[PDB]
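# any chance you can model this:
(chains A, B and C)
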Amino acid sequence: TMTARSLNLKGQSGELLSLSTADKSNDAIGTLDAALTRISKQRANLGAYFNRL
Amino acid sequence: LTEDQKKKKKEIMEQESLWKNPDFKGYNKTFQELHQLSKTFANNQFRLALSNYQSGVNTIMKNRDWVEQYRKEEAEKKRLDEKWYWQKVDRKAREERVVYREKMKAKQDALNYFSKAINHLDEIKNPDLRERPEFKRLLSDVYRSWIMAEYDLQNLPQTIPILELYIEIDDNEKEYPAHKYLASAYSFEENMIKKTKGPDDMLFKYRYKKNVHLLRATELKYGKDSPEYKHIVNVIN
Amino acid sequence: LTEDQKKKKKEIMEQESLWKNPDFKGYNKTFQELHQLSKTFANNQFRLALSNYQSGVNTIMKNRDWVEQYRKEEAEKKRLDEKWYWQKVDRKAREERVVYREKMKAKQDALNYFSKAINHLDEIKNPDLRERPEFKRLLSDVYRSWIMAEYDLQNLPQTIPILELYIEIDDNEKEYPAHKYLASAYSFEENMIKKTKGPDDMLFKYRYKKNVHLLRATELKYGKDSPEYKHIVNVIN
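Numbering: from 1, shown residues only, chains lettered A, B, ... in the order given. Next up is the structure itself:
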């Protein structure tokens, strides 16, 4: 894991000091589910691994 | 007209054609030339960059076909629940929103492909190869389609770094549409600062860059010390 | 001007150059001349002293390269969590403090090498060799870099015993920068006594020594009983 684990969307139309903007709001919400899903699965992989040990 | 005015008229029309919204005749011409250039270039990373660029343009072309088909299918429906004017307005807005959402996804997929085309061109490290007309032609085509994909959806601030990279390549700076788009996108950003009551440094930065590219586009299409050049200079100064 | 004032002007500029912050042309020039001393001297402990000094200066030069690279790498990061002034100040505070602490380590490594350079010169016991221009100039360059390494990090009290040892060697007392740094470091120590409410004996000791080296620096650069000297006369009173 790292921030590039999910689609790393920050900021929004309007004033920024960056050169990037967020994408389709609905997909940004979906992205956060993806972020959580990807890490939750990795934690569970460790969880399951612990139970194996 | 003089030999320079005749030449200029010819070139501006070719440049307007160059930035023409994509269609099947332009697609065919573009990819037939790019594949011949790829065979001349004989570089696997250029070949891969072209394969991805073409996939990106195909996403755009397939989307254009979808938009016509979708609007057609909607037009052909009987609407029994459209009895009031406010219902017609609502349903019209619902159609436009679905079309915009799908075009947004097509843009996202097309830019993922364009990004891959650039990532493959980045892998050509030899400076004698990066200076090849084949390399600069493809890189220019990738940036041009990228700019247009965002432009169509009004994502104008996002077009600036790509337009700026575009004009740095092989005399692209002498293209009237390139300066027209830069000036328009900078104008949008100036207006955003005025509407959101943002800092003065950004107001003037964006206004300045609008005026530079406004005047340069004018110079390129009409000529230095033309009635049109003289006018824009006098308004700005 | 007089023949001595013209000569003096030339010498002050050469002395300012002598105390110039290190760079690659000065590095080369310095090690040309310090190696020239090794040529005539033909003394293994002098050779070792120079080998360590050069390693110390290399530490300083490598650090200067690190500082540019570090600041470059930070500048080239995308800062998406930097929407506030305080966040810009935060990231600024991150950058500068890491750079200062890394420079502190480079200073310590450089001073361990300079200490070794001195310990090797300490092993030259023959008074006919210790009085050699080769011995004195190298020892002077080791002290000068030592003084400057501490000065850059604001470690001014630490510069005093080394400046004092420096001016005792082969007419170094006639160097304007040497007296300027002594006067500045003594001024700091005077201010430390005033800020920490320390003893009067140390207040006056540090004030006195500041004025002595202020006066001597003035005398050396402008000449005694010059409009500039005459001014210092009444100020020190």
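# what about the residue of chain B found nearest chain A, how many residues close to it?
Each residue of chain B has a distance to chain A, by C-beta to the nearest C-beta, and the smallest belongs to residue B:198, at 5.0 Å. For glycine as for every other residue, the C-beta is placed from the backbone atoms N, C-alpha and C. A count of neighbours around residue B:198, defined by other C-beta atoms under 10 Å in any protein chain shown, yields 16.
# which phi and psi does it have?
Note on residue B:198: its backbone torsions stand at phi -80, psi -180 [degrees, to the nearest 10].
# separation between it and residue A:11?
The spacing between residue B:198 and residue A:11, counted by C-beta to C-beta, to the nearest Å, is 15 Å.
# list the contacts of the spatially closest residue to residue B:177 that is not a sequence neighbour.
Among residues not flanking residue B:177 along the chain, residue B:19 sits closest, at 4.2 Å (C-beta to C-beta, 6 or more residues apart in numbering or on different chains). For residue B:19, the contact set (C-beta atoms under 8 Å, 6 or more residues apart in numbering or on different chains) comprises B:144, B:148, B:177.
# what subset of these is buried?
Burial of the contacts of residue B:19 was assessed by neighbour count (16 or more other C-beta atoms under 10 Å in any protein chain shown); the buried members are B:144, B:148, B:177.
# keep only those of those that are in helices.
With helices identified by DSSP state H, the entries of the buried ones among the contacts of residue B:19 that belong to them are B:144, B:148, B:177.
# list the contacts of the last one.
So the one you mean is residue B:177. When contacts are taken as C-beta under 8 Å, 6+ apart, residue B:177 is in contact with B:15-16, B:18-19.
# how does it look with 10 Å?
B:12, B:15-20, B:144, B:147-148, B:163, B:217, B:220-221 (C-beta atoms under 10 Å, 6 or more residues apart in numbering or on different chains).
# the second one now?
By C-beta under 10 Å, 6+ apart, residue B:148 lies in contact with B:19-22, B:60, B:107, B:110, B:159, B:162, B:177, B:181.
# could you give me the ChimeraX syntax to select whichever of these are buried?
For the buried members of the contacts of residue B:148, the matching ChimeraX selection, counting by 16+ other C-beta under 10 Å, is:
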select /B:19,60,107,110,159,162,177,181
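# which one of the contacts of residue B:148 sits closest to residue C:102?
Of all the contacts of residue B:148, residue C:102 sits closest to residue B:162, with 37.3 Å by C-beta to C-beta.
# so the closest one is in contact with residue B:150, correct?
Yes: using C-beta atoms under 10 Å, residue B:162 is in contact with residue B:150, at 7.7 Å.
# identify the contacts common to the two.
In terms of C-beta under 10 Å, 6+ apart, residue B:162 and residue B:150 are both contacted by the residues B:111, B:185.
# please, where are all the helices along the chain?
Because you didn't say which chain, this covers chain A. A:25-52.
# wait, I meant chain B there
In chain B, helices defined by DSSP H lie at B:3-18, B:24-41, B:44-75, B:85-122, B:127-130, B:133-152, B:160-167, B:176-196, B:200-222, B:227-236, listed in chain order.
# of all these, which one is nearest residue A:15?
Evaluated over these, closeness to residue A:15 peaks at helix B:176-196, with 5.6 Å, by C-beta to C-beta.
# between the buried ones among the contacts of residue B:19, which is nearest residue C:49?
Nearest member of the buried ones among the contacts of residue B:19 to residue C:49, counting by C-beta to C-beta, is residue B:144, at 65.0 Å.
# nearest residue to the spatially most central residue of chain A other than its sequence neighbours?
A centroid search over chain A (C-alpha atoms, centre = their mean) returns residue A:35, at 2.9 Å, as the residue closest to the centre. Leaving out its chain neighbours, the residue that sits closest to residue A:35 by C-beta to C-beta, 6+ apart is residue A:6, at 3.5 Å.
# what does residue B:183 give?
Computed as C-beta to C-beta, 6+ apart, the closest residue to residue B:183 that is not its neighbour in sequence is residue B:213, at 4.0 Å.
# does that neighbour touch residue B:207 like I think?
No: with contact taken as C-beta under 10 Å, residue B:213 and residue B:207 are classed as non-touching, separated by 11.4 Å.
# residue in chain A with the shortest distance to chain C?
Using C-beta to the nearest C-beta, residue A:10 is the residue of chain A that sits closest to chain C, at 4.3 Å.
# that residue touches residue A:31, doesn't it?
No: the pair residue A:10 and residue A:31 fails to qualify as a contact (C-beta under 10 Å) at a distance of 11.3 Å.
# how close does residue A:32 get to residue A:39?
Residue A:32 sits 11 Å away from residue A:39, taking C-beta to C-beta as the criterion.
# so what's in contact with those two at the same time?
For the pair residue A:32 and residue A:39, residues contacting each of them under the criterion C-beta under 10 Å, 6+ apart are residue A:6.
# could you dump the helices of chain B to CSV with distance to residue C:231?
Formatted as CSV, the helices of chain B follow (distance: least, C-beta to C-beta, whole Å):
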stretch, distance to residue C:231
helix B:3-18, 69
helix B:24-41, 75
helix B:44-75, 72
helix B:85-122, 64
helix B:127-130, 61
helix B:133-152, 65
helix B:160-167, 56
helix B:176-196, 53
helix B:200-222, 44
helix B:227-236, 53
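# nearest to residue C:42, of the ones you listed?
Each of the helices of chain B has some distance to residue C:42 by C-beta to C-beta; the shortest is helix B:127-130, at 49.4 Å.
# got the contact list for the residue of chain A found nearest chain B?
Per C-beta to the nearest C-beta, residue A:15 is where chain A lies closest to chain B, at 5.0 Å. Residues near residue A:15 by C-beta under 10 Å, 6+ apart: B:189, B:192-193, B:196-199, B:202, C:83.
# cool, and residue B:193?
Applying C-beta under 10 Å, 6+ apart, we find residue B:193 in contact with A:14-15, B:199-207.
# can I assume residue A:38 is in contact with residue A:6?
Yes: in this structure residue A:38 lies within contact range of residue A:6 using C-beta under 10 Å: 6.4 Å.
# picking that back up, backbone phi and psi for the residue nearest to residue A:35, please?
Backbone geometry at residue A:6, expressed as degrees, to the nearest 10, gives phi -150, psi 170.
# repeat that for the one 5 residues further on.
Dihedral angles phi and psi of residue A:11 (degrees, to the nearest 10) take the values phi 80, psi 180.
# now do the contacts for residue A:8.
A:2, A:20, A:31, A:35, C:78, C:80.
# do you know which of the helices of chain B lies nearest residue A:24?
With distances scored as C-beta to C-beta, the stretch of the helices of chain B nearest to residue A:24 is helix B:85-122 (5.6 Å).
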